[PDB]
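In the block that follows, a single chain appears as structure tokens, in the form deposited in one PDB entry.
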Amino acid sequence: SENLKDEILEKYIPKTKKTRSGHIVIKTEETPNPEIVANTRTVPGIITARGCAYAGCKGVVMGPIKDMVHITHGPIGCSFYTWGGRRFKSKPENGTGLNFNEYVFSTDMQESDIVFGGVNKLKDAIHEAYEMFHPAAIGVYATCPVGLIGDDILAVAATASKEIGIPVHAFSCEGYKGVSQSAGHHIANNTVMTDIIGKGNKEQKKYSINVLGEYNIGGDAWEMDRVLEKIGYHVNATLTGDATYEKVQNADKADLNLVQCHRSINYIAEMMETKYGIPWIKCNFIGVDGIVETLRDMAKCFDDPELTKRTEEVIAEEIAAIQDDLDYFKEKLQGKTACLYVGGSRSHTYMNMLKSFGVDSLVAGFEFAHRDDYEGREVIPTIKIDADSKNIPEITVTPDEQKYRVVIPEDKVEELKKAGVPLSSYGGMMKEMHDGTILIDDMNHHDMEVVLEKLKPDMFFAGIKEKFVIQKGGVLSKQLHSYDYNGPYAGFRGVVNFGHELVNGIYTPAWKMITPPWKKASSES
């Protein structure tokens, strides 16, 4: 359809009207699922939700590893604003071990460093961080001025590595790269893949699983790994959250990779299949359907009925305790309408869950994700690069001569074929969205106010900037990023926390008492 595109586009000056246009797509059966324009420049002076390259690299992929001091090279706010903002949970490895979640380390650049590039203040701060805390590795991250003042944070880490004797990893993620934090993921995924996965010894166990791309926000991974510990799977590495450097290093002591977030870890999912023969699956541990399917798919990739039998037993057991609440949740919430806007992947996963409560997701979109996250992985042969995206170096992986194996032969095609087990595939969001559904890439402050005033959603799931705008006009914004300081929202157990939190949030008494007696009635008293 096209009619709401005109209500939104009506106001834009025509040059912005032209650019903006491809980013708003409406799904019609007619146009049986279409193409959106994702991952280009943000338009200046539009109010967007989006970030910087460093926000996806230090912020989200690298930040989570618990025993590496992660130091920022640049002025203070790049470190300050990473200090407990995104809430990934660690606890030290097995009571002992390091945990650095509580601190932020910086080089606090000053004007002399900006004019005479602070590379010994990095040499010094690197040796200092090591002497004080003697960590597993140290990671140096780049901020906007490092690049321009010519600081080769890469060379400094190489010298550093050899005097200090610890891995010191340099990451160039200056906030003026790409167009959003999606670019940042790509930059980080490369250094991990090369110089930390694979390096290591720890021999593998049976049923070794890795959950890839799960930053354990609000406990989520501890929850998935509860249910899987429970089947007999050995999750070798969650890539990240509560990940030890030593556990990332041996992430090849696995059998399947289970990509939960496709937009941040697909580069590794791909490069691993190639070097070691560790096939990836798209997995979804959010919402019951997503979860039951993920469990049955990976049990089908693994070969055996003992493990399929126990999966069915623990599937049952689990959803039956969770049942009467599921029921409750539906009865309070059916008929309501949601719009969803996160970045990368959470507008999609949280959808199955909302169908489970009878809520209709009318509108959805991402603030930094690419075309294959909406349409499908298929379209990746097909992409127009002018952009500014991962015009950021791409790297190539060749079979590890020694640790290469093919873990499933060609009944892999019997997976993809039969019962549609998602072996190395994703078919995005749009696919799942209902008809007469709207998708908006890098939706701004303008766009959500006509979606809000034209369409009237009962709830709107965005983030923090945006939370208090929606809430102020009398509609319920729950933030899907930071869980509204709750957790888990993954697994069978998260599902019931997400359910009540939402129930409670709609049935909040003060919602109905925003308008006073003298205004809405006694206008002259």
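Residue positions are given as counts along the sequence shown, with the first one as 1. Rigid core (definition): largest C-alpha set, two forms, superposition within 1.5 Å.
Here the subject shifts to the form deposited in another entry, a form of this protein not shown in this document.
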task = Please look at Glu415, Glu293, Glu246, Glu270 and say which one has a C-alpha shift reaching 2 Å or more between this form and the one not shown, core superposed.
result = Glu415
query = Comparing between this form and the one not shown on the rigid core, is the C-alpha shift at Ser389 2 Å or larger?
reply = yes
task = Tell me whether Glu273 and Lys390 end up closer or farther apart in the other entry, going by their C-alpha atoms; the shift is 3 Å or more.
result = farther
